[PDB]
Amino acid sequence: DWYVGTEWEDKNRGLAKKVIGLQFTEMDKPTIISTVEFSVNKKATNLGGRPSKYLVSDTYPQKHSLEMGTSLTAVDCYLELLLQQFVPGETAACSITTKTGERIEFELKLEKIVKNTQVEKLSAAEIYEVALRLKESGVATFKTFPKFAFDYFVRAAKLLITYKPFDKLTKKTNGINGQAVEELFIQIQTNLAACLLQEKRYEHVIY
């Protein structure tokens, strides 16, 4: 065994991964816009009341379909980032450390990558739909997780400005009308503004 025991970290986000098993098929990793299938191998420990679509218990192991950039909770969003570090067939002990130092611990396996689209490949039309879905997740997490909501809108905005100017876009050439793009960009800018106000409203409310 070579891959077993190897480790990855993102100190900034309190994420750590340690490989415990591998059924090798290839060294491909999920992209930021991929669709994957993965399983939770046992009950997550120390969830501590935090909402999670995948880790929240109520039989193991259990399978899930996941499209990157759709998660609506803090834990789930960070689940995605861990999954983006798996190769298919890999089983890893994962952890999310909180501000209080307490660790949420879980064991995941990436079963396969259903679709591994690359951003660079995408047409302007397809980029729009990715920006549109990201904004939707932003809107859906606005009340419950404003920092993540914010990050969503930022990600959506960043995708779109790759096509500035917008005035040179036509359905005929790019697949999409440049008017639709600048309208969606403006909606996102407005959402980021709202988010900052939402964060202010609760900065002095304790966790």
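Numbers given to residues start from 1 along each chain, in the order its sequence is written, and need not follow the entry; residues that have no coordinates are not shown. As a rule here, side-chain values cover all heavy atoms of the structure and leave hydrogens and water aside.

Topic: the packing of helix α3 (residues 146-160) against helix α5 (residues 178-201)
A pair of packed helices is captured by two measures, namely the crossing angle of their axes and the spacing between those axes.
Inference 1: Relative orientation of the contacting elements α3 and α5 amounts to 155°, with a least axis distance of 9 Å. One finds that α3 runs roughly antiparallel with respect to α5. Considering only the axes of α3 and α5, their crossing is left-handed. Contacts between α3 and α5 involve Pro-146, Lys-147, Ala-149, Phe-150, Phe-153, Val-154, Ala-156, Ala-157 and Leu-160 on the former and, on the latter, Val-181, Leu-184, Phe-185, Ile-188, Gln-189, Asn-191, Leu-192, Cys-195, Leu-196, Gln-198 and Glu-199.
Inference 2: Looking at the contact of α3 with α5 residue by residue, the class counts come to 15 nonpolar, three polar and two charged. Where helices are involved, their axes are fitted lines through C-alpha atoms of the stretch in contact, as for all axes, and angles between N-to-C directions lie from 0 to 180°. Counting from the N terminus, the helices are the DSSP runs of H or I reaching at least four residues and the strands are the DSSP runs of E reaching at least two. Every angle not falling under 35 degrees, over 145, or within 65 to 115 is termed oblique; those three ranges are roughly parallel, roughly antiparallel and roughly perpendicular. Crossing handedness: left-handed means the near helix sits turned counterclockwise from the far one by under a right angle, and right-handed means the same turn made clockwise. Any two residues having at least one pair of non-hydrogen atoms within 4.5 Å are treated as being in contact. In the scheme used here, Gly and all other residues not listed as nonpolar or charged are polar, with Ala, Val, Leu, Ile, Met, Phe, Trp, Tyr, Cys and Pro taken as nonpolar and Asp, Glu, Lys and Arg as charged.

Brief notes about the pattern of salt bridges
Working definition: two side chains of opposite charge can pair if their charged atoms are close together.
Inference 1: Only one rule defines a salt bridge in this text: a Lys or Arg side-chain nitrogen within 4 Å of an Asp or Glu carboxyl oxygen. All told, the structure shown has seven salt bridges when counted by the stated rule.
Inference 2: A salt bridge links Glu-9 to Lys-11, with the shortest nitrogen-to-oxygen separation between them at 3.2 Å.
Inference 3: Burial classification: accessible surface area is computed with a 1.4 Å probe over protein chains only, and a residue below 20% of its type maximum counts as buried, one above 50% as exposed, and the rest as partly exposed. Given the relative accessible area of 47%, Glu-9 is considered partly exposed.
Inference 4: Between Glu-67 and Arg-133 there is a salt bridge, with the nearest N and O atoms lying 2.5 Å from each other.

A word on the environment of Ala-16
Inference 1: Of note, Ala-16 is situated in strand β2 (residues 15-22).
Inference 2: Along the backbone, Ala-16 and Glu-37 are 21 residues apart, and their C-alpha atoms lie at a distance of 20 Å.
Inference 3: Setting aside residues up to four positions removed in sequence, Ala-16 forms contacts with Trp-8, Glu-9, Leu-82, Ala-93, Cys-94 and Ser-95.

Remarks on the packing of aromatic side chains
Inference 1: Stacked, edge-to-face and tilted labels apply to pairs of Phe, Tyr and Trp rings (six-membered ring for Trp) whose centres lie within 6.5 Å, assigned for plane angles under 30 degrees, over 60, and everything in between, in that order. Per the stated rule, a full pass over the model turns up five aromatic pairs.
Inference 2: The interplanar angle of 55° and the centroid separation of 5.5 Å between the aromatic rings of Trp-2 and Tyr-3 together place this pair among those described as tilted.
Inference 3: Owing to a relative accessible area of 55%, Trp-2 belongs among the exposed residues under this scheme.
Inference 4: Where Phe-38 meets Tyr-54, the ring centres are 5.4 Å apart and the plane angle is 70°; that geometry is what we call edge-to-face. Of this pair, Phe-38 sits in strand β3 (residues 35-40) while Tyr-54 is found in the loop between β3 and β4 (62-67), placing the two residues 16 residues apart along the sequence. Residues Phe-38 and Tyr-54 agree in their burial class; the two are buried.
Inference 5: Linked through ring pairs, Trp-2, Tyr-3 and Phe-24 together constitute an aromatic cluster.

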